[PDB]
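What follows is one chain in structure tokens, specifically the form deposited without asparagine (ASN).
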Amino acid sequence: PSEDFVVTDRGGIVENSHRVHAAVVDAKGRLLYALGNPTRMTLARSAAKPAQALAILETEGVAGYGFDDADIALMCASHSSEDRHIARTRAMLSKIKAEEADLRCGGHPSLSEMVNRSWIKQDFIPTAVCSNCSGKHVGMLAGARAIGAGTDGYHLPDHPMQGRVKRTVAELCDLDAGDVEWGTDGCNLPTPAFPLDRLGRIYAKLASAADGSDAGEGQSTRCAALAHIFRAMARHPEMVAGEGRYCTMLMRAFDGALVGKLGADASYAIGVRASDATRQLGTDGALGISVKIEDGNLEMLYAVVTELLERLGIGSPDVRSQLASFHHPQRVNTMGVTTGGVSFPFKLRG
């Protein structure tokens, strides 16, 4: 096993170390570069959301509801529960003539510290419509209604909408059904685990489909839907997360060049459209990147992802400088004295 870490120090003394796994794959999922164990069996959590959104958009009759790009971005989101996210959740429920009572996700403290502060000040108790997964849940309800299935149990593994999700995830991974494992997520849906490189493969396919669409290529409905998902996330990155969130700041900085998505417990995935940077890495098409911090630390994840983009030459120093607060998180004490820092002793292997 490779020994790839992100390390924090206090005065040069090692504080914490965090094991890093990463895969960099081409449009077919061939491994180009790695850290740690690039095939680590990994719970993709929210980083699987574009695959779930594909299952929703491929459900017959869902096109009739008129979901727009911002709605699809919300299906792909771990949003901050800003008022605009709650409003768009309600808009999507109304498009399918459903009610908040039909949701089978629950409320939680906001993924944004500033939103949660406003909630605490107002004694607000979040409900189902506030879930960071609310857009995905409305999409699943939409799919269940569109094919005339029951809506009560849309979130249960035996429901046809979850059969569609399970098949679609395995297909995008190029895995047999038996090679994808399933548990239950915080939002009470089935959630997949598969080798980490296949999360990179999903995002390589998203970016590859975006390149194919832009070139005016004849596309299957699946490739057209993957291109639409890429475009929706890149055009509405504030729907995918929210103000001050890594994913939103990353996708705004890159202005269409890539899409990026967090998974709970510190997974990350990026789909990179073909560029001078991807060609310099030795591939003639789109690229996927997937990362897992073994111990689940989110601060370390954002620092590593930003360091990996710098090492891969993705963006420019000016584009990546928008992410400086995440790349090198502050280690300043209560008296304004810098006491430590973050370092990246890992080495990409080709």
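Numbering starts at 1 and runs along the sequence shown.
The question of which stretch, 315-323 or 44-52, has the higher mean Cα B factor is settled in favour of 315-323. Remark: stretch with higher mean C-alpha B factor among 297-305 and 55-63 is 55-63.
As recorded in the entry, 152 carries the highest CA temperature factor of 82, 265, 71, 152. In the PDB entry, the Cα temperature factor peaks, among 202, 142, 241, 177, at 177. Per the PDB record, residue ranking by Cα B-factor puts residue 172 in the middle third of the chain. Per-chain ranking of the deposited C-alpha B factor places residue 106 in the middle third. When the CA B factors of the chain's modelled residues are split into thirds, the value for residue 250 lands in the middle one. Looking at the C-alpha B-factors along this chain, the one for residue 94 belongs to the middle third. When all modelled residues of the chain are sorted by CA temperature factor, residue 29 is found within the highest third.
Only in words, not in the display: the form deposited with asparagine (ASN) bound, which the text now covers.
Although the partner is absent from this view, residue 263 contacts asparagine (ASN) in the deposited bound form, with a non-hydrogen atom inside 4.5 angstroms.
Contact annotation: residue 46 falls within 4.5 Å of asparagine (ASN) in the deposited bound form, judged by heavy atom distances. The shortest heavy atom separation between residue 278 and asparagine (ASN) in the deposited bound form exceeds 4.5 Å. For residue 132, a non-hydrogen atom is located within 4.5 Å of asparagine (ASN) in the deposited bound form, even though that partner is not displayed. Contact annotation: of the candidates 170, 128, 187, 227, the single residue with a non-hydrogen atom within 4.5 angstroms of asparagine (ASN) in the deposited bound form is 187. Segments offered: 301-309, 279-287, 318-326, 46-54. Contacting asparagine (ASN) in the deposited bound form at heavy atom distances within 4.5 Å is 46-54.
Applying a 4.5 Å heavy atom cutoff to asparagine (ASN) in the deposited bound form picks out 78 as the lone residue from 74-101.
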